Structures are given as structure tokens and as C-alpha cells.
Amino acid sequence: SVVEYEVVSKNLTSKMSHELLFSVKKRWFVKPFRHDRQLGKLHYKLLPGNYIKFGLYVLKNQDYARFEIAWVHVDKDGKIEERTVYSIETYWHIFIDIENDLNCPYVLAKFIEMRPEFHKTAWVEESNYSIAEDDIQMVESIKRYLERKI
């Protein structure tokens, strides 16, 4: 009744790759079942259904940050299908600062805040919390905010 799924979570001297899964149904981040700080991975066991993957890819020395949103579809038979629905490039110094914005989409600030510490992975606590926006409004709010910021 669950499917295994892996994403990248690592923060190294020169680069960071920070991915997390978000449950469409629950409207909050999915809790990983295992993290691998050695290989820099997060492992999930997923019920069939729809998920959003947030991805942040940073080259620190180039002051470069790419942010992506992907739709992840998980079927009964174990089949997983992924589609990128949004991608933007900007400076790391800008993207990192979103954290401190007084008004911006909460899910995005939370995502950034949860980035992996150096040589660790990004964890996600137990929760029954859900944001108020559905997946469409949520994504649109993120795009609108980043269009302005960038």
C-alpha cells in the first residue's frame, strides 16, 4: 500500500541540492521515512496519489540558485511519473533572503528554511498542519511572488 521514492538532500562546500516532497492531499510536507546523510538522500514511502516536489539547486561560488516545482504522480502499481511545472533561475543571495520576508508564500519560506545544514539532510517534523491554499493557488502564489522578487 506504499511506494518507495527518493530525492536529493545535500549541502556541500560549493553546492547544495535541496528537494522535498509536499502532499497535495494533506497540503503540507511529507515526512520522510529515512534520511541518508552519507549519500545525501531522503527516502519516502508514498501512498498512491499526487505530490509536489520542490527543488532548490545552488552553486554557491557562482551565486546561482535554480528553483523548480514538479508534479509527482504515484500509481497503485508502483508507477511514478514526474513533470516539471515551474523553473526559475536567480541569485542565491536573493533566494536565501526570501526566508526573512515579512509577507511571502509561507510554504516557500518554510521550504527554504528547511534546507539541509552543511553535510546533513533536511528533515521534516511530524505534523497535522495544512496550509489554506489548494495546490493550484499555492503554486500560482509562489510564481507571482518570485516574478516580483526576481
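Note that residue numbering follows the sequence shown and begins at 1.
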Practice task
For the higher mean C-alpha B factor in the entry, choose 118-126 or 38-46.
Solution key: 118-126
Exercise for the section: Would you mind comparing 97-105 and 53-61 for me and telling me which has the higher average C-alpha temperature factor in the entry? Expected result: 97-105
Handout entry: Residue selected from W92, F29, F33, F67 by maximal Cα B factor
Key = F33
Completion exercise
Assert third(CA B-factor, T13) within chain per record equals highest
